[PDB]
$ cat query.txt   # compact mmCIF, N, CA and C atoms and all ligand atoms
# COMPACT_ATOMS: atom_id res chain seq x y z
N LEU A 7 -3.40 5.27 19.82
CA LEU A 7 -2.44 5.56 18.70
C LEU A 7 -3.16 6.04 17.47
N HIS A 8 -2.52 6.92 16.73
CA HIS A 8 -3.14 7.41 15.53
C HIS A 8 -2.18 7.52 14.34
N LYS A 9 -2.79 7.47 13.17
CA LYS A 9 -2.09 7.47 11.94
C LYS A 9 -1.88 8.86 11.35
N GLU A 10 -0.64 9.16 11.01
CA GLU A 10 -0.31 10.43 10.40
C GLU A 10 0.20 10.19 9.01
N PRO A 11 -0.05 11.13 8.08
CA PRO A 11 0.42 10.96 6.72
C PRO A 11 1.94 11.11 6.56
N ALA A 12 2.41 10.56 5.44
CA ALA A 12 3.80 10.63 5.04
C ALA A 12 3.90 10.16 3.58
N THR A 13 5.00 10.47 2.91
CA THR A 13 5.17 10.03 1.53
C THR A 13 6.55 9.37 1.40
N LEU A 14 6.63 8.33 0.57
CA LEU A 14 7.88 7.70 0.31
C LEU A 14 8.84 8.74 -0.25
N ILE A 15 10.03 8.82 0.31
CA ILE A 15 11.13 9.48 -0.38
C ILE A 15 11.92 8.38 -1.06
N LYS A 16 12.33 7.35 -0.33
CA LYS A 16 13.30 6.37 -0.82
C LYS A 16 13.24 5.06 -0.01
N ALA A 17 13.24 3.91 -0.69
CA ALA A 17 13.40 2.62 -0.01
C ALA A 17 14.78 2.55 0.65
N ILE A 18 14.92 1.90 1.82
CA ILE A 18 16.28 1.63 2.36
C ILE A 18 16.56 0.13 2.56
N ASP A 19 15.98 -0.54 3.55
CA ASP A 19 16.07 -2.03 3.58
C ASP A 19 14.81 -2.62 4.24
N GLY A 20 14.92 -3.85 4.76
CA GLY A 20 13.75 -4.57 5.23
C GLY A 20 12.99 -3.83 6.32
N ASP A 21 13.71 -3.14 7.19
CA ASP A 21 13.06 -2.51 8.34
C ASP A 21 13.34 -1.00 8.52
N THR A 22 13.87 -0.36 7.48
CA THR A 22 14.09 1.10 7.44
C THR A 22 13.64 1.62 6.08
N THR A 23 13.09 2.82 6.09
CA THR A 23 12.65 3.52 4.90
C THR A 23 12.77 5.05 5.11
N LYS A 24 12.97 5.78 4.01
CA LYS A 24 13.13 7.21 4.07
C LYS A 24 11.80 7.81 3.63
N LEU A 25 11.16 8.50 4.55
CA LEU A 25 9.87 9.11 4.29
C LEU A 25 9.86 10.61 4.55
N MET A 26 8.91 11.30 3.93
CA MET A 26 8.70 12.70 4.29
C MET A 26 7.57 12.77 5.28
N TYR A 27 7.90 13.28 6.45
CA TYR A 27 6.96 13.37 7.53
C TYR A 27 6.93 14.83 8.03
N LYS A 28 5.73 15.38 8.16
CA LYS A 28 5.53 16.82 8.43
C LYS A 28 6.47 17.65 7.59
N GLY A 29 6.54 17.34 6.30
CA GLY A 29 7.38 18.08 5.36
C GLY A 29 8.89 17.96 5.45
N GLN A 30 9.39 17.07 6.31
CA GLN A 30 10.84 16.84 6.49
C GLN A 30 11.19 15.40 6.17
N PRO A 31 12.33 15.21 5.48
CA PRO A 31 12.86 13.89 5.24
C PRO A 31 13.32 13.30 6.55
N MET A 32 13.16 11.99 6.67
CA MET A 32 13.36 11.33 7.92
C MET A 32 13.45 9.82 7.67
N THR A 33 14.49 9.21 8.20
CA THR A 33 14.61 7.77 8.16
C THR A 33 13.79 7.16 9.28
N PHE A 34 12.92 6.25 8.90
CA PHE A 34 12.10 5.51 9.84
C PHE A 34 12.57 4.06 10.04
N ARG A 35 12.71 3.66 11.31
CA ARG A 35 12.98 2.31 11.72
C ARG A 35 11.68 1.70 12.24
N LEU A 36 11.30 0.57 11.67
CA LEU A 36 10.03 -0.09 12.01
C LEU A 36 10.08 -0.61 13.42
N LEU A 37 9.08 -0.26 14.19
CA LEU A 37 9.02 -0.77 15.55
C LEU A 37 8.83 -2.28 15.61
N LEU A 38 9.49 -2.91 16.59
CA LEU A 38 9.20 -4.25 17.05
C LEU A 38 9.60 -5.35 16.12
N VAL A 39 10.39 -5.03 15.09
CA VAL A 39 10.82 -6.06 14.18
C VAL A 39 12.30 -5.95 13.89
N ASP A 40 12.85 -7.06 13.39
CA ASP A 40 14.22 -7.10 12.88
C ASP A 40 14.25 -7.89 11.57
N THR A 41 14.51 -7.23 10.47
CA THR A 41 14.82 -7.96 9.24
C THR A 41 16.30 -8.28 9.16
N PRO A 42 16.67 -9.36 8.45
CA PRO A 42 18.11 -9.56 8.28
C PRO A 42 18.72 -8.42 7.46
N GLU A 43 20.00 -8.13 7.69
CA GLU A 43 20.70 -7.09 6.89
C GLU A 43 20.75 -7.59 5.46
N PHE A 50 20.90 -6.68 4.50
CA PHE A 50 20.92 -7.04 3.07
C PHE A 50 21.92 -8.15 2.77
N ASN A 51 23.06 -8.08 3.45
CA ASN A 51 24.17 -8.98 3.21
C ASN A 51 23.93 -10.37 3.80
N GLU A 52 22.87 -10.54 4.61
CA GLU A 52 22.57 -11.83 5.25
C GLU A 52 21.47 -12.54 4.50
N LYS A 53 21.18 -13.76 4.94
CA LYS A 53 20.20 -14.59 4.27
C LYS A 53 18.79 -14.05 4.50
N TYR A 54 18.00 -14.05 3.43
CA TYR A 54 16.67 -13.40 3.38
C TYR A 54 16.70 -11.86 3.48
N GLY A 55 17.89 -11.26 3.60
CA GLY A 55 18.06 -9.79 3.56
C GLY A 55 17.53 -9.16 2.29
N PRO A 56 17.95 -9.67 1.13
CA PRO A 56 17.44 -9.11 -0.11
C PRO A 56 15.94 -9.26 -0.27
N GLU A 57 15.42 -10.42 0.09
CA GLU A 57 13.98 -10.65 0.04
C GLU A 57 13.23 -9.70 1.02
N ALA A 58 13.83 -9.42 2.17
CA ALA A 58 13.17 -8.51 3.14
C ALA A 58 13.11 -7.09 2.55
N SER A 59 14.24 -6.68 1.99
CA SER A 59 14.37 -5.35 1.43
C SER A 59 13.40 -5.15 0.29
N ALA A 60 13.26 -6.18 -0.55
CA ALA A 60 12.39 -6.14 -1.73
C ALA A 60 10.94 -6.16 -1.32
N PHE A 61 10.66 -6.98 -0.31
CA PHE A 61 9.34 -7.00 0.25
C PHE A 61 8.86 -5.63 0.71
N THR A 62 9.66 -4.99 1.55
CA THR A 62 9.29 -3.68 2.10
C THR A 62 9.25 -2.61 0.99
N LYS A 63 10.27 -2.64 0.13
CA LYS A 63 10.39 -1.71 -0.96
C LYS A 63 9.15 -1.68 -1.79
N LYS A 64 8.69 -2.88 -2.12
CA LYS A 64 7.55 -3.04 -3.00
C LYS A 64 6.26 -2.66 -2.29
N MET A 65 6.15 -3.03 -1.03
CA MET A 65 4.93 -2.76 -0.29
C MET A 65 4.74 -1.28 -0.11
N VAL A 66 5.84 -0.62 0.19
CA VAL A 66 5.78 0.82 0.42
C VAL A 66 5.62 1.60 -0.90
N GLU A 67 6.32 1.17 -1.95
CA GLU A 67 6.28 1.91 -3.23
C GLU A 67 4.98 1.71 -4.01
N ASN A 68 4.29 0.61 -3.81
CA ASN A 68 2.99 0.39 -4.46
C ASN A 68 1.82 1.00 -3.71
N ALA A 69 2.00 1.39 -2.47
CA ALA A 69 0.90 2.00 -1.74
C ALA A 69 0.59 3.38 -2.28
N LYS A 70 -0.67 3.69 -2.43
CA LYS A 70 -0.98 5.03 -2.80
C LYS A 70 -1.03 5.90 -1.57
N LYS A 71 -1.30 5.30 -0.41
CA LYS A 71 -1.25 6.03 0.87
C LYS A 71 -0.36 5.35 1.95
N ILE A 72 0.65 6.10 2.39
CA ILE A 72 1.54 5.73 3.48
C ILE A 72 1.17 6.51 4.74
N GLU A 73 1.06 5.79 5.85
CA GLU A 73 0.86 6.41 7.13
C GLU A 73 1.88 5.93 8.13
N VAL A 74 2.11 6.80 9.08
CA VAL A 74 3.05 6.62 10.13
C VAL A 74 2.27 6.64 11.44
N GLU A 75 2.55 5.68 12.31
CA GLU A 75 1.88 5.59 13.58
C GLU A 75 2.94 5.48 14.68
N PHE A 76 3.16 6.57 15.42
CA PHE A 76 3.98 6.51 16.60
C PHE A 76 3.30 5.75 17.73
N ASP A 77 4.11 5.16 18.61
CA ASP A 77 3.66 4.48 19.84
C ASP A 77 3.74 5.52 20.97
N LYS A 78 3.65 5.07 22.22
CA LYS A 78 3.62 6.00 23.35
C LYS A 78 4.97 6.47 23.86
N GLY A 79 6.00 5.65 23.65
CA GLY A 79 7.32 5.91 24.12
C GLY A 79 8.11 6.76 23.17
N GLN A 80 9.38 6.48 23.11
CA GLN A 80 10.33 7.24 22.30
C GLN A 80 9.90 7.29 20.82
N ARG A 81 10.08 8.42 20.13
CA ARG A 81 9.73 8.57 18.73
C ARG A 81 10.94 8.62 17.82
N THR A 82 12.09 8.83 18.43
CA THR A 82 13.38 8.87 17.77
C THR A 82 14.32 7.94 18.51
N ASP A 83 15.15 7.21 17.77
CA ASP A 83 16.12 6.37 18.39
C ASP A 83 17.43 7.14 18.49
N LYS A 84 18.46 6.49 19.01
CA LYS A 84 19.73 7.16 19.28
C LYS A 84 20.47 7.56 18.02
N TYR A 85 20.06 7.02 16.89
CA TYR A 85 20.62 7.39 15.61
C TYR A 85 19.75 8.42 14.88
N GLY A 86 18.75 8.99 15.53
CA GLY A 86 17.89 9.97 14.88
C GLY A 86 16.81 9.37 13.99
N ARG A 87 16.65 8.05 14.00
CA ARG A 87 15.62 7.45 13.16
C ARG A 87 14.29 7.56 13.86
N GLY A 88 13.24 7.83 13.08
CA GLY A 88 11.86 7.80 13.60
C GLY A 88 11.53 6.36 13.92
N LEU A 89 10.88 6.14 15.05
CA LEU A 89 10.40 4.83 15.41
C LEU A 89 8.88 4.78 15.28
N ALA A 90 8.41 3.97 14.34
CA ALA A 90 6.98 3.87 14.11
C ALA A 90 6.51 2.56 13.48
N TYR A 91 5.19 2.41 13.55
CA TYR A 91 4.50 1.42 12.75
C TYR A 91 4.15 2.12 11.45
N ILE A 92 4.44 1.48 10.33
CA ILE A 92 4.20 2.06 9.02
C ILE A 92 3.10 1.25 8.30
N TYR A 93 2.16 1.96 7.68
CA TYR A 93 0.97 1.37 7.03
C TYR A 93 0.98 1.70 5.56
N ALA A 94 0.70 0.69 4.74
CA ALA A 94 0.62 0.83 3.28
C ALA A 94 -0.82 0.49 2.85
N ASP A 95 -1.56 1.51 2.47
CA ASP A 95 -3.01 1.41 2.22
C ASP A 95 -3.65 0.62 3.34
N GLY A 96 -3.45 1.07 4.57
CA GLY A 96 -4.17 0.49 5.70
C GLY A 96 -3.56 -0.79 6.26
N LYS A 97 -2.60 -1.38 5.54
CA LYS A 97 -1.90 -2.61 5.92
C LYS A 97 -0.53 -2.31 6.58
N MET A 98 -0.28 -2.89 7.75
CA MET A 98 0.94 -2.62 8.51
C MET A 98 2.11 -3.42 7.97
N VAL A 99 3.11 -2.71 7.46
CA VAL A 99 4.32 -3.35 6.96
C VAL A 99 5.00 -4.19 8.04
N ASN A 100 5.08 -3.65 9.26
CA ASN A 100 5.80 -4.33 10.36
C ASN A 100 5.20 -5.74 10.50
N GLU A 101 3.87 -5.79 10.56
CA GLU A 101 3.15 -7.02 10.72
C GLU A 101 3.29 -7.92 9.51
N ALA A 102 3.27 -7.35 8.31
CA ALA A 102 3.38 -8.13 7.07
C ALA A 102 4.73 -8.86 6.93
N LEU A 103 5.82 -8.17 7.21
CA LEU A 103 7.15 -8.80 7.30
C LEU A 103 7.19 -10.00 8.22
N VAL A 104 6.66 -9.83 9.44
CA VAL A 104 6.71 -10.92 10.41
C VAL A 104 5.85 -12.11 9.91
N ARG A 105 4.66 -11.78 9.41
CA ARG A 105 3.71 -12.77 8.97
C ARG A 105 4.32 -13.64 7.88
N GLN A 106 5.11 -13.04 7.02
CA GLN A 106 5.82 -13.79 5.97
C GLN A 106 7.16 -14.33 6.41
N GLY A 107 7.50 -14.23 7.69
CA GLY A 107 8.79 -14.79 8.09
C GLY A 107 9.99 -14.06 7.44
N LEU A 108 9.80 -12.79 7.12
CA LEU A 108 10.90 -12.00 6.61
C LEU A 108 11.46 -11.11 7.72
N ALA A 109 10.85 -11.17 8.91
CA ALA A 109 11.36 -10.44 10.07
C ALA A 109 10.99 -11.22 11.29
N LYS A 110 11.72 -10.93 12.36
CA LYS A 110 11.50 -11.48 13.67
C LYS A 110 10.99 -10.39 14.53
N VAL A 111 10.13 -10.72 15.49
CA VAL A 111 9.72 -9.77 16.50
C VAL A 111 10.99 -9.52 17.33
N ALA A 112 11.21 -8.28 17.75
CA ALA A 112 12.51 -7.89 18.29
C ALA A 112 12.47 -6.49 18.75
N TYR A 113 13.49 -6.17 19.55
CA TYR A 113 13.65 -4.83 20.10
C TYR A 113 12.38 -4.32 20.77
N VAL A 114 11.85 -5.17 21.63
CA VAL A 114 10.67 -4.88 22.36
C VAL A 114 11.00 -4.19 23.68
N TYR A 115 10.79 -2.89 23.71
CA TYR A 115 11.09 -2.08 24.87
C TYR A 115 9.77 -1.61 25.46
N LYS A 116 9.75 -1.41 26.79
CA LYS A 116 8.49 -1.03 27.48
C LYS A 116 8.09 0.37 27.05
N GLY A 117 6.81 0.60 26.84
CA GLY A 117 6.38 1.94 26.44
C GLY A 117 6.17 2.14 24.95
N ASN A 118 6.92 1.38 24.14
CA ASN A 118 6.76 1.36 22.68
C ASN A 118 6.50 -0.08 22.29
N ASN A 119 5.42 -0.66 22.79
CA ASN A 119 5.09 -2.06 22.54
C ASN A 119 3.61 -2.33 22.34
N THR A 120 2.83 -1.31 22.01
CA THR A 120 1.39 -1.50 21.77
C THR A 120 1.08 -2.78 20.92
N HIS A 121 1.68 -2.92 19.74
CA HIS A 121 1.30 -4.01 18.79
C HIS A 121 2.11 -5.27 18.95
N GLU A 122 2.74 -5.43 20.10
CA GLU A 122 3.55 -6.62 20.37
C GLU A 122 2.85 -7.96 20.17
N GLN A 123 1.69 -8.09 20.80
CA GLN A 123 1.00 -9.37 20.76
C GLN A 123 0.51 -9.67 19.37
N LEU A 124 0.00 -8.64 18.70
CA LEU A 124 -0.41 -8.77 17.29
C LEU A 124 0.75 -9.29 16.43
N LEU A 125 1.95 -8.73 16.63
CA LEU A 125 3.08 -9.24 15.84
C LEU A 125 3.52 -10.64 16.25
N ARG A 126 3.50 -10.97 17.54
CA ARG A 126 3.89 -12.34 17.98
C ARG A 126 2.91 -13.36 17.40
N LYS A 127 1.65 -12.94 17.30
CA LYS A 127 0.66 -13.81 16.67
C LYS A 127 1.08 -14.10 15.22
N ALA A 128 1.43 -13.04 14.49
CA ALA A 128 1.94 -13.21 13.12
C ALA A 128 3.20 -14.10 13.03
N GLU A 129 4.13 -13.90 13.97
CA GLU A 129 5.34 -14.70 13.96
C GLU A 129 5.01 -16.18 14.23
N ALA A 130 4.11 -16.40 15.17
CA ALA A 130 3.72 -17.77 15.51
C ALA A 130 3.18 -18.47 14.26
N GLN A 131 2.33 -17.78 13.48
CA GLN A 131 1.83 -18.33 12.21
C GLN A 131 2.91 -18.52 11.15
N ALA A 132 3.82 -17.56 11.00
CA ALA A 132 4.96 -17.71 10.07
C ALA A 132 5.83 -18.92 10.42
N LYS A 133 6.10 -19.08 11.71
CA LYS A 133 6.92 -20.20 12.19
C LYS A 133 6.20 -21.48 11.87
N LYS A 134 4.92 -21.51 12.25
CA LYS A 134 4.05 -22.65 11.98
C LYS A 134 4.20 -23.09 10.52
N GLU A 135 4.14 -22.15 9.58
CA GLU A 135 4.25 -22.47 8.16
C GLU A 135 5.68 -22.66 7.66
N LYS A 136 6.68 -22.59 8.53
CA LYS A 136 8.10 -22.66 8.13
C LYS A 136 8.50 -21.66 7.07
N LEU A 137 7.95 -20.45 7.14
CA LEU A 137 8.18 -19.46 6.10
C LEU A 137 9.54 -18.81 6.23
N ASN A 138 10.17 -18.71 5.07
CA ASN A 138 11.42 -18.01 4.87
C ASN A 138 12.43 -18.26 5.99
N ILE A 139 12.50 -17.35 6.95
CA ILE A 139 13.44 -17.48 8.05
C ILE A 139 13.23 -18.72 8.93
N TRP A 140 12.03 -19.26 8.92
CA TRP A 140 11.75 -20.38 9.79
C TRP A 140 11.71 -21.69 9.03
N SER A 141 12.42 -21.78 7.91
CA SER A 141 12.39 -22.97 7.06
C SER A 141 13.66 -23.83 7.17
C1 LIG B 201 13.91 -1.15 16.57
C2 LIG B 201 14.75 -0.30 17.50
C3 LIG B 201 16.13 -0.21 17.37
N1 LIG B 201 16.84 0.56 18.22
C4 LIG B 201 18.28 0.62 18.15
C5 LIG B 201 18.77 -0.50 19.03
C6 LIG B 201 19.99 -1.03 18.30
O1 LIG B 201 21.19 -0.46 18.88
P1 LIG B 201 22.66 -0.90 18.40
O2 LIG B 201 22.94 -0.15 17.15
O3 LIG B 201 23.43 -0.44 19.60
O4 LIG B 201 22.70 -2.38 18.16
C7 LIG B 201 19.75 -0.64 16.84
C8 LIG B 201 19.24 -1.80 15.97
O5 LIG B 201 18.71 -1.34 14.73
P2 LIG B 201 19.13 -2.07 13.36
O6 LIG B 201 18.45 -3.45 13.40
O7 LIG B 201 18.57 -1.16 12.30
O8 LIG B 201 20.61 -2.10 13.36
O9 LIG B 201 18.77 0.37 16.83
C9 LIG B 201 16.22 1.30 19.26
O10 LIG B 201 16.92 2.01 20.03
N2 LIG B 201 14.89 1.24 19.41
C10 LIG B 201 14.13 0.49 18.59
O11 LIG B 201 12.92 0.47 18.75
CA CA B 202 17.80 -5.06 10.82

$ encode --input "query.txt" --output "structure tokens"
Amino acid sequence: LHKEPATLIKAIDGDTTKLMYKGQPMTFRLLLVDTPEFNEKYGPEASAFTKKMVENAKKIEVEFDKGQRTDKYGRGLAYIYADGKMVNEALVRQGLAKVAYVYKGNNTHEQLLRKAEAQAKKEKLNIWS
């Protein structure tokens, strides 16, 4: 897997963001995670977490997996990095997301994220409190 550049266009919520990728606007859905919707508990905290992480990064990168790159709604499916740090993993580690939507072929970082979730659960963080 490799990292490609992109720039923030607009925050959306805990697990979606609007980025410019190869010069085109595109909504990205974070692979392998599920944040609560804004209207649910920890939803606002998830949204703020991602918003802040992505907007403070001076460099955003997009990392596609091996499988599908677009979902059925036209969203890009990727791991997103903020100055070298993976947002997908950071959400889980803080208990602001659950590992989820694990499909074969787009699951490279699965174990890495389950490791993060196991530690978040261990600490009773946010969703696991
Ligand atoms: C994360 C992810 C979601 N999806 C689809 C499955 C879900 O379908 P349904 O809409 O039929 O429930 C939806 C969940 O995303 P959200 O959590 O953004 O709603 O997005 C994929 O197809 N692949 C993925 O990798
Ligand atoms: Ca969600």

$ closest_atom_pairs --input "query.txt" --of "range 87-132 of chain A" --to "range 18-27 of chain A" --cutoff "8 Å" --atoms "all atoms listed in the file" --output "tab-separated table"
residue	atom	partner	partner_atom	distance
A:100	CA	A:21	CA	7.8
A:103	CA	A:20	C	7.7
A:108	C	A:20	CA	7.4
A:109	CA	A:20	C	7.8

$ closest_residue --input "query.txt" --among "A:12, A:28, A:50, A:72" --to "ligand CA 202 (chain B)" --atoms "all atoms listed in the file"
A:50

$ residues_near_ligand --input "query.txt" --ligand "ligand CA 202 (chain B)" --cutoff "6 Å" --atoms "all atoms listed in the file" --output "list in words"
residues 21, 40, 41, 42 and 43 of chain A

$ closest_residue --input "query.txt" --among "A:8, A:134, A:84, A:105" --to "ligand LIG 201 (chain B)" --atoms "only C-alpha atoms and all ligand atoms"
A:84

$ closest_residue --input "query.txt" --among "A:31, A:55, A:11, A:88" --to "ligand LIG 201 (chain B)" --atoms "all atoms listed in the file"
A:88

$ residues_near_ligand --input "query.txt" --ligand "ligand LIG 201 (chain B)" --cutoff "6 Å" --atoms "all atoms listed in the file" --output "PyMOL selection string"
chain A and resi 35-40+83-84+112-113

$ atom_distance --input "query.txt" --atom1 "atom N of residue 10 in chain A" --atom2 "CA of residue 76 in chain A"
7.7 Å

$ atom_distance --input "query.txt" --atom1 "atom N of residue 30 in chain A" --atom2 "CA of residue 60 in chain A"
24.7 Å

$ residues_around --input "query.txt" --residues "residue 62 in chain A" --least-positions-apart "3" --cutoff "7 Å" --atoms "all atoms listed in the file" --output "PDB file with N, CA and C atoms, keeping the file's coordinate frame"
ATOM      1  N   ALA A  17      13.240   3.910  -0.690  1.00  0.00           N
ATOM      2  CA  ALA A  17      13.400   2.620  -0.010  1.00  0.00           C
ATOM      3  C   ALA A  17      14.780   2.550   0.650  1.00  0.00           C
ATOM      4  N   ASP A  19      15.980  -0.540   3.550  1.00  0.00           N
ATOM      5  CA  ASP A  19      16.070  -2.030   3.580  1.00  0.00           C
ATOM      6  C   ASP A  19      14.810  -2.620   4.240  1.00  0.00           C
ATOM      7  N   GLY A  20      14.920  -3.850   4.760  1.00  0.00           N
ATOM      8  CA  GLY A  20      13.750  -4.570   5.230  1.00  0.00           C
ATOM      9  C   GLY A  20      12.990  -3.830   6.320  1.00  0.00           C
ATOM     10  N   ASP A  21      13.710  -3.140   7.190  1.00  0.00           N
ATOM     11  CA  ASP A  21      13.060  -2.510   8.340  1.00  0.00           C
ATOM     12  C   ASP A  21      13.340  -1.000   8.520  1.00  0.00           C
ATOM     13  N   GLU A  57      15.420 -10.420   0.090  1.00  0.00           N
ATOM     14  CA  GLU A  57      13.980 -10.650   0.040  1.00  0.00           C
ATOM     15  C   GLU A  57      13.230  -9.700   1.020  1.00  0.00           C
ATOM     16  N   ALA A  58      13.830  -9.420   2.170  1.00  0.00           N
ATOM     17  CA  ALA A  58      13.170  -8.510   3.140  1.00  0.00           C
ATOM     18  C   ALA A  58      13.110  -7.090   2.550  1.00  0.00           C
ATOM     19  N   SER A  59      14.240  -6.680   1.990  1.00  0.00           N
ATOM     20  CA  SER A  59      14.370  -5.350   1.430  1.00  0.00           C
ATOM     21  C   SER A  59      13.400  -5.150   0.290  1.00  0.00           C
ATOM     22  N   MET A  65       6.150  -3.030  -1.030  1.00  0.00           N
ATOM     23  CA  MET A  65       4.930  -2.760  -0.290  1.00  0.00           C
ATOM     24  C   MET A  65       4.740  -1.280  -0.110  1.00  0.00           C
ATOM     25  N   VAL A  66       5.840  -0.620   0.190  1.00  0.00           N
ATOM     26  CA  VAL A  66       5.780   0.820   0.420  1.00  0.00           C
ATOM     27  C   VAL A  66       5.620   1.600  -0.900  1.00  0.00           C
ATOM     28  N   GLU A  67       6.320   1.170  -1.950  1.00  0.00           N
ATOM     29  CA  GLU A  67       6.280   1.910  -3.230  1.00  0.00           C
ATOM     30  C   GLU A  67       4.980   1.710  -4.010  1.00  0.00           C
ATOM     31  N   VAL A  99       3.110  -2.710   7.460  1.00  0.00           N
ATOM     32  CA  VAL A  99       4.320  -3.350   6.960  1.00  0.00           C
ATOM     33  C   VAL A  99       5.000  -4.190   8.040  1.00  0.00           C
TER      34      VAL A  99
END

$ closest_residue --input "query.txt" --among "A:117, A:96, A:56, A:107" --to "residue 79 in chain A" --atoms "only N, CA and C atoms"
A:117

$ build_atoms --input "query.txt" --residues "range 76-92 of chain A" --atoms "N, CA, C and O atoms" --output "PDB file, in the coordinates of the input"
ATOM      1  N   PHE A  76       3.160   6.570  15.420  1.00  0.00           N
ATOM      2  CA  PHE A  76       3.980   6.510  16.600  1.00  0.00           C
ATOM      3  C   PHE A  76       3.300   5.750  17.730  1.00  0.00           C
ATOM      4  O   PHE A  76       2.102   5.656  17.784  1.00  0.00           O
ATOM      5  N   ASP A  77       4.110   5.160  18.610  1.00  0.00           N
ATOM      6  CA  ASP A  77       3.660   4.480  19.840  1.00  0.00           C
ATOM      7  C   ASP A  77       3.740   5.520  20.970  1.00  0.00           C
ATOM      8  O   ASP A  77       3.889   6.719  20.705  1.00  0.00           O
ATOM      9  N   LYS A  78       3.650   5.070  22.220  1.00  0.00           N
ATOM     10  CA  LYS A  78       3.620   6.000  23.350  1.00  0.00           C
ATOM     11  C   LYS A  78       4.970   6.470  23.860  1.00  0.00           C
ATOM     12  O   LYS A  78       5.053   7.537  24.473  1.00  0.00           O
ATOM     13  N   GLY A  79       6.000   5.650  23.650  1.00  0.00           N
ATOM     14  CA  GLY A  79       7.320   5.910  24.120  1.00  0.00           C
ATOM     15  C   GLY A  79       8.110   6.760  23.170  1.00  0.00           C
ATOM     16  O   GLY A  79       7.596   7.653  22.519  1.00  0.00           O
ATOM     17  N   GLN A  80       9.380   6.480  23.110  1.00  0.00           N
ATOM     18  CA  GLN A  80      10.330   7.240  22.300  1.00  0.00           C
ATOM     19  C   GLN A  80       9.900   7.290  20.820  1.00  0.00           C
ATOM     20  O   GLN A  80       9.365   6.317  20.334  1.00  0.00           O
ATOM     21  N   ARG A  81      10.080   8.420  20.130  1.00  0.00           N
ATOM     22  CA  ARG A  81       9.730   8.570  18.730  1.00  0.00           C
ATOM     23  C   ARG A  81      10.940   8.620  17.820  1.00  0.00           C
ATOM     24  O   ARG A  81      10.814   8.516  16.607  1.00  0.00           O
ATOM     25  N   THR A  82      12.090   8.830  18.430  1.00  0.00           N
ATOM     26  CA  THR A  82      13.380   8.870  17.770  1.00  0.00           C
ATOM     27  C   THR A  82      14.320   7.940  18.510  1.00  0.00           C
ATOM     28  O   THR A  82      14.246   7.821  19.730  1.00  0.00           O
ATOM     29  N   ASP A  83      15.150   7.210  17.770  1.00  0.00           N
ATOM     30  CA  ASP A  83      16.120   6.370  18.390  1.00  0.00           C
ATOM     31  C   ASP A  83      17.430   7.140  18.490  1.00  0.00           C
ATOM     32  O   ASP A  83      17.500   8.284  18.088  1.00  0.00           O
ATOM     33  N   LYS A  84      18.460   6.490  19.010  1.00  0.00           N
ATOM     34  CA  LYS A  84      19.730   7.160  19.280  1.00  0.00           C
ATOM     35  C   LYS A  84      20.470   7.560  18.020  1.00  0.00           C
ATOM     36  O   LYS A  84      21.422   8.335  18.076  1.00  0.00           O
ATOM     37  N   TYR A  85      20.060   7.020  16.890  1.00  0.00           N
ATOM     38  CA  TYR A  85      20.620   7.390  15.610  1.00  0.00           C
ATOM     39  C   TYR A  85      19.750   8.420  14.880  1.00  0.00           C
ATOM     40  O   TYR A  85      19.986   8.683  13.734  1.00  0.00           O
ATOM     41  N   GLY A  86      18.750   8.990  15.530  1.00  0.00           N
ATOM     42  CA  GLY A  86      17.890   9.970  14.880  1.00  0.00           C
ATOM     43  C   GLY A  86      16.810   9.370  13.990  1.00  0.00           C
ATOM     44  O   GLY A  86      16.114  10.077  13.287  1.00  0.00           O
ATOM     45  N   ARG A  87      16.650   8.050  14.000  1.00  0.00           N
ATOM     46  CA  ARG A  87      15.620   7.450  13.160  1.00  0.00           C
ATOM     47  C   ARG A  87      14.290   7.560  13.860  1.00  0.00           C
ATOM     48  O   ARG A  87      14.217   7.433  15.080  1.00  0.00           O
ATOM     49  N   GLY A  88      13.240   7.830  13.080  1.00  0.00           N
ATOM     50  CA  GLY A  88      11.860   7.800  13.600  1.00  0.00           C
ATOM     51  C   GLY A  88      11.530   6.360  13.920  1.00  0.00           C
ATOM     52  O   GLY A  88      11.907   5.445  13.162  1.00  0.00           O
ATOM     53  N   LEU A  89      10.880   6.140  15.050  1.00  0.00           N
ATOM     54  CA  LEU A  89      10.400   4.830  15.410  1.00  0.00           C
ATOM     55  C   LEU A  89       8.880   4.780  15.280  1.00  0.00           C
ATOM     56  O   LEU A  89       8.155   5.442  16.020  1.00  0.00           O
ATOM     57  N   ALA A  90       8.410   3.970  14.340  1.00  0.00           N
ATOM     58  CA  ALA A  90       6.980   3.870  14.110  1.00  0.00           C
ATOM     59  C   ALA A  90       6.510   2.560  13.480  1.00  0.00           C
ATOM     60  O   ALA A  90       7.290   1.691  12.970  1.00  0.00           O
ATOM     61  N   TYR A  91       5.190   2.410  13.550  1.00  0.00           N
ATOM     62  CA  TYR A  91       4.500   1.420  12.750  1.00  0.00           C
ATOM     63  C   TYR A  91       4.150   2.120  11.450  1.00  0.00           C
ATOM     64  O   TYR A  91       3.666   3.253  11.459  1.00  0.00           O
ATOM     65  N   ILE A  92       4.440   1.480  10.330  1.00  0.00           N
ATOM     66  CA  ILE A  92       4.200   2.060   9.020  1.00  0.00           C
ATOM     67  C   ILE A  92       3.100   1.250   8.300  1.00  0.00           C
ATOM     68  O   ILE A  92       3.103   0.018   8.360  1.00  0.00           O
TER      69      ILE A  92
END
